[PDB]
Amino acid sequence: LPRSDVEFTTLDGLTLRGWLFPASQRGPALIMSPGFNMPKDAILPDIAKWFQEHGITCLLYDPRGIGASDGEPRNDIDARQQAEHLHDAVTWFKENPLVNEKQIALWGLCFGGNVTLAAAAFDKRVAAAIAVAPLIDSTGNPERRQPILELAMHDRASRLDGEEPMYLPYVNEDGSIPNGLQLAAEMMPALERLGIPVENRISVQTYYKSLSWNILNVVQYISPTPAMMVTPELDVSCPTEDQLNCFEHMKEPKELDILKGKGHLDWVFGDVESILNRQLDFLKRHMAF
C-alpha cells in the first residue's frame, strides 16, 4: 500500500505531521521516532517500508518544531515533551481500524530511542519498545555547562523583549564544538555526505532542558513492558558504554542486540535484513503475531 500524509493533535495544542505506512490488514503497529534534531525524512522511511511489508502499520512523524510539524522555536528539543507527544500519538493511532490496540509498539533511533524508552516508562498502552543506538547523555563536559546556561538565561530575557530565539551551531566558525554538541557535529558531515539535509542549528534552550532530563532515572519503570535495545558495538557518537549503562538500569523483560563491528550509523551498510528480522522476531514474540 502507498504511504499517506497524516497529522494529529497534541495535548498542548500542536499539529504534528507525518507519514502512515498501512499494513494490508488489521494487526500490529509501530510509531517511529528519528534521531537528534532530525525530521522523519532520512533512513527511517525505508525501515518503515520494510516493517509495513511484514504486516506492521507504521507511523513516522516530525517531532515538535521539526520538519513539517508545528512548534516554535524550531529545532528546539524537549525530550519530556516529545515523550508526552508519543502518548498522544498512541491515542491517535488506536483509532485506526488497521491497528490492534494491544499491538502498538514504539521504535526510536538515536535521540528518538531516548524518547521511546521514556514514553514506554510511562505508557502501559504500549505493547513493546525498541531503542536503536539511543542517545543517553547530552551533558558533555559539565564544566563547560556554565556558558550555555548563561546563554539560556540571556535567551529567555531577550525573547521576553521580542528578540528571536538564540541558536548554537554544531560547529563554531573557529572550528570549536559547543559543549553538548559533539554527536551532532560528528554526524552532520556523514549525513550531508550522503545527501541527507541537516539543520546545523539547535536552540540554546535545548541544552537547558536536557540538564533536567536523565533517562537513567525512569527506565526502571518500563517493565513489565518488553523493551529491546539495539547497540552498535563501536558506537563512538552515542557511546556504547552509555547505552549499556542504560540497559543495565532497565528491568526484565529486556533484550539486547549488539551490532558487531558497527558504529552509530554505518550499520546501515551492513546486514540490515538480519537486523530488522531480529527486531521483528522480538515484536512477534512479545506482541503475539
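One-based numbering along the sequence shown.
Here 21-29 and 277-285 are compared by their mean Cα B-factor, and 21-29 comes out higher. For the segment pair 150-158 and 91-99, the entry gives 91-99 the higher mean B-factor, averaged over Cα atoms. Within the group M188, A118, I104, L135, the record's highest C-alpha temperature factor is found at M188. Of the candidates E84, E163, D123, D174, it is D174 whose Cα B-factor is highest according to the PDB record.
Sorting the modelled residues of the chain by their CA temperature factor places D242 in the middle third.
Among the modelled residues of the chain, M229 sits in the lowest third by CA temperature factor in this PDB entry. In the PDB entry, a CA B factor belonging to the lowest third of its chain's modelled residues is recorded for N37.
Ranked by C-alpha B-factor against the other modelled residues of its chain, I130 falls in the lowest third. Sort the chain's modelled residues by C-alpha temperature factor and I215 lands in the middle third, per the entry.
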